[PDB]
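See structure below.
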Ligand SMILES: N[C@@H](Cc1onc(O)c1Br)C(=O)O
Ligand SMILES: N[C@@H](Cc1onc(O)c1Br)C(=O)O
């Protein structure tokens, strides 16, 4: 039957076409993951319906209720058959859902307003003039919360108690904050999103320093789903064919505005 | 039996004494509402236990689940017997819980960093250079969300879509934001909290313009609770005895630091 795909509005993975109100179904969206879903579906031989995750979250488990939210939750509770989005492969998630090998590699990075005197995470941790934060949910926030590494521990300690809050609801908000804070706010996010934004007008942001870690995004399916095998092979095939690199260039650099 | 009082950490209504770790029970807290609870209990002849609302919220109903959160929720679901805090009497709340006549009068107001060229709500609505917001929950946010008054409608329209978010988690955060934004952020909050903060170091904030509305805080009890009658009479008695005004002066001006 028609496969239900859960995904999330995150540029340039999935975005509403400017003229979406005049369109219907899958045609309403565009982006790297929209193109990827089409390729995966073709190689696995299934028809699908793109749906945007109800709560706009990636996926975490509430420590008290033990309930999973976000795209991970939609898979865990059977609300969706597959997640095709910039969903980071992590230990906690790997335990409850299946993941294809990575379709994109990335790492946590620093985004600054051009001119900000910051070149690394160490730089940020050793000062207070420039505030810094992460998304209010997801693997980056979790990276800092769980890190036992001195420098990252120091940063988390500062972030968790910083006032006003240094956390944002969406990537768009973090970017807006960096752009409007006159260099007094730096944003910690995944290298992939950082690199995309660096090529977007008004071209006033920059990725600085090396990535804090090395990981990847994977296509997710409910644990034990018979669709997992084919999907994983499709990702490997698409990568080996150079299609994934082609898609990355298409949505990141081919039409960079900077 | 011992009455369970739900309240909230909001200065100067209820605050943790500096040395709370060395104290136990009700002795751990201090403030206007702590003193008020003692007076109400004495006049109604009951023993009580102060408890801080689990979710740190005042009280709203989720439009989807219809579940009440905050102090209102604790009363509605029988987790607490009475709420003694700066809980605003509103139509939606009055329908599900009982309220004593007001023990304090107030209205929505504007807090600015001294020197900010803003004298009214109209001023704020007609410009964009200075951002402004409210608590991310409670009667003030709701006032703007539901207002059909042109000026407030205009302000809500701007606030709801402003990026980054102009909403804060606690009063303390809104104050910190006003103080650290060099006049580029104004905070909308209740006159009572505004007046208290204006007398606190570093004495860099000011209440401007007249209040946007006129309302009051009431002591709340589960609907139909036999404790409601006595509590209401106690509030009226304490007010007529001048005790409420005495308490206001004690926690607002007697030890003002400005
Ligand atoms: N890919 C992450 C989400 C995320 O993590 N950090 C960010 O800035 C974003 Br967007 C995840 O799967 O949680
Ligand atoms: N008293 C209000 C809470 C509140 O509403 N606006 C604020 O700034 C605060 Br604190 C309520 O009962 O919701």
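Start at 1 and count along the chain as shown; that gives each residue its number.
Heads up, the Cβ atoms here are built off N, Cα and C, so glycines get one too.
The annotation site 'Interaction with the cone snail toxin Con-ikot-ikot' is assigned in Swiss-Prot to B:61 (among others) on the grounds of experimental evidence. Around the Cβ of residue B:61 (site 'Interaction with the cone snail toxin Con-ikot-ikot'), 18 further Cβ atoms fall within 10 Å across all displayed protein chains. Annotation note: residue B:61 (site 'Interaction with the cone snail toxin Con-ikot-ikot') sits in a strand segment as assigned by DSSP.
Taken residue by residue with DSSP, residue B:139 (L-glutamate binding site) is part of a helix. What Swiss-Prot lists as L-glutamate binding site is B:86, B:88, B:93, B:139, B:140, B:190.
For residue B:118 (site 'Crucial to convey clamshell closure to channel opening'), applying a Cβ distance below 8 Å and a minimum sequence separation of six or more within one chain yields B:110, B:112, B:124, B:130, B:186, B:208. Taken from Swiss-Prot, the feature site 'Crucial to convey clamshell closure to channel opening' covers B:118.
In the shown protein chains, 13 other C-beta atoms lie within 10 A of the C-beta of residue B:145 (site 'Interaction with the cone snail toxin Con-ikot-ikot'). Mapped onto three states, the DSSP output places residue B:145 (site 'Interaction with the cone snail toxin Con-ikot-ikot') in helix. For B:145 (among others), the entry in Swiss-Prot reads site 'Interaction with the cone snail toxin Con-ikot-ikot', with the evidence type experimental evidence.
According to Swiss-Prot, the phosphoserine annotation covers B:147 (among others), on the basis of experimental evidence. Within the same chain, residues at least six positions away from residue B:147 (phosphoserine) with a Cβ under 8 Å of its Cβ are B:153, B:156.
Contacts of residue B:181 (phosphoserine) defined by a Cβ separation under 8 A and a same-chain sequence distance of 6+ are given as B:113, B:131, in order along the sequence. Residues or ranges marked as phosphoserine by Swiss-Prot: B:181 (among others).
If you look up Swiss-Prot, you'll see B:203-B:258 marked as disulfide bond, on the strength of experimental evidence. Within the same chain, residues at least 6 positions away in sequence whose Cβ sits under 8 Å from that of residue B:258 (disulfide bond) are B:198, B:199, B:200, B:201, B:203. Secondary structure from DSSP puts residue B:258 (disulfide bond) in coil.
Summarising the annotation, Swiss-Prot assigns site 'Interaction with the cone snail toxin Con-ikot-ikot' to B:237 (among others) and lists experimental evidence as the type of evidence. Residue B:237 (site 'Interaction with the cone snail toxin Con-ikot-ikot') falls within a helix when secondary structure is assigned with DSSP. Long-range neighbours of residue B:237 (site 'Interaction with the cone snail toxin Con-ikot-ikot') (same chain, six or more residues apart, CB within less than 8 Å of its CB): B:43.
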* Structure fact -> Around the Cβ of residue B:86 (L-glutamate binding site), other Cβ atoms within 10 Å, all chains included, total 24
* **Additional residues around L-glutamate, ordered along the sequence, whose Cβ is within 8 Å of the centroid of B:86, B:88, B:93, B:139, B:140, B:190** => B:58, B:87, B:90, B:106, B:138, B:215, B:217
* Asked: Taking the Cβ of residue B:203 (disulfide bond) as centre, how many other Cβ atoms lie within 10 Å?
  -> 13
* For ligand 2, pick out the recorded positions B:86, B:118, B:139 that have a CB under 6 angstroms away from one of its atoms. => B:86, B:139
* Coarse DSSP state, helix versus strand versus coil, of residue B:86 (L-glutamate binding site) -> coil
* **Assigned element (helix, strand, coil) containing residue B:93 (L-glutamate binding site), judged by DSSP** => helix
